[PDB]
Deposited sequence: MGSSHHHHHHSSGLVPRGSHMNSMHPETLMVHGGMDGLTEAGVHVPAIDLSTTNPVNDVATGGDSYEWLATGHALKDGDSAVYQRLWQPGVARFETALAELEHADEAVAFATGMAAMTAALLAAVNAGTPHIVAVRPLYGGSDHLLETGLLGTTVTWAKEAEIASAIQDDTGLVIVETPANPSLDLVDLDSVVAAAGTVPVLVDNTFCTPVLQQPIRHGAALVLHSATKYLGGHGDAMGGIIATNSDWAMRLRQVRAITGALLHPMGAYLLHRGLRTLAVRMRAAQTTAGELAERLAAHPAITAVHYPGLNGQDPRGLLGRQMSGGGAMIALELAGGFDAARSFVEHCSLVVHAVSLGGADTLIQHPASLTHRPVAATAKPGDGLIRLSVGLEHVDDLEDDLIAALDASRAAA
């Protein structure tokens, strides 16, 4: 597990002891409750798990809200890829972010210096302050100044959603100093980026996108140090946003095919963005590749943003004229997905010739570049 390449680590990660048990894949244990050997041993295991610690070997899991073996394997698998001490799995990416914010509030640090742009849900949860949080939206150059004596977390996302703007993680961690940094590494995945290497304390992942890879398993996981993992596990035990054994099995199963899926989707996206650049209907294409963020932080990407000349009307027509490419709000699936991010806020437009709002997000799937190029070209021509 230490001398293995990431491709080998994705397949055998979290599969510890399975070869020895006589099985090929991890068993799906749906057990809500777990019987105990001795009242004394079961009571100790209850206190140990309720305090946020990891289940010691040879001890009963006690209850699924305290510990689930299926979830546990998926947690260790991602922690190995991200090179973090431990990982904590939740029902969704928003449930992991919710627990990270709730832990900061209870530790006496309700203030968060978030750096925009951020994912819609993360941006709205901080803005609402539903979990008793204070937010200070600062730019990349205003991080060190926006830090208060009450700050508990610095939430950053690279590449940004949906603009795909890169943020230098080496500068963020240096500006935060004593404050831990949470990096939403959903778009990059552990294949292309590892925020732990740059200095981030927490690495948020929406397992729904890329980690699952098929658009069927909902999930969220944070790869962080033992201290933060304990806080996150304490919140999970009382708030109960658990990952179902079936979801945990499909997310762990999806990690095995992650290296090959990302390598293929990134190759297709690199050619697709270059081919789409040679089009009169698109003014500019947004694809990673000025500070030399590539190589130092990211080893490409499978997402492309397209700014159209027609604005909202051309973007709306482009989304509805796609047949092979599916119009839905998600990413990292098996098929190519398309979405209009401006349409989520500007909805009852009623077909007006808007000058702006012409950005279209696109999540490259596992299809041939010729078929995706021909489909999107057909949709662009329909105007």
Deposited residues absent from the coordinates (by C-alpha): 1-20, 310-314, 325, 410-413
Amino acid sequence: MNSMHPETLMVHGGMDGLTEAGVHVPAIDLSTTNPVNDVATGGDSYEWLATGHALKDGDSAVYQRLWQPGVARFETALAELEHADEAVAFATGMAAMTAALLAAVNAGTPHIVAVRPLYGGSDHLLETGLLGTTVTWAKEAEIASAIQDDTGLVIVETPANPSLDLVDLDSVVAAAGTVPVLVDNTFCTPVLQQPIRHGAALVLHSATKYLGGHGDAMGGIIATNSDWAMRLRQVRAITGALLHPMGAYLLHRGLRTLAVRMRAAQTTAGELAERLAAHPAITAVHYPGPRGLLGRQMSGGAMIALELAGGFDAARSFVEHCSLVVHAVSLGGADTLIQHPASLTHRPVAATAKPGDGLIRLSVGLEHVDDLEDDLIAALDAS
From here on, numbers count along this sequence of modelled residues.
Residue range whose averaged C-alpha B-factor is higher in the record, 212-220 or 133-141: 133-141
Mean temperature factor over C-alpha atoms, higher-scoring stretch between 120-128 and 80-88: 120-128
Residue with maximal Cα B-factor (values as given in the PDB entry) among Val191, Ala146, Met97, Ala264: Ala146
Given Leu337, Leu49, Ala334, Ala350, the residue at which the Cα B factor reaches its maximum: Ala350
Third of the chain, ranked by Cα B-factor, where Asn34 sits: middle
Within-chain third of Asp165 by Cα B-factor, per the entry: middle
Cα B factor band for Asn225 (lowest, middle or highest third within the chain): middle
CA B-factor placement of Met15, once the chain's modelled residues are sorted into thirds: lowest
Lowest, middle or highest third - CA B-factor, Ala175: highest
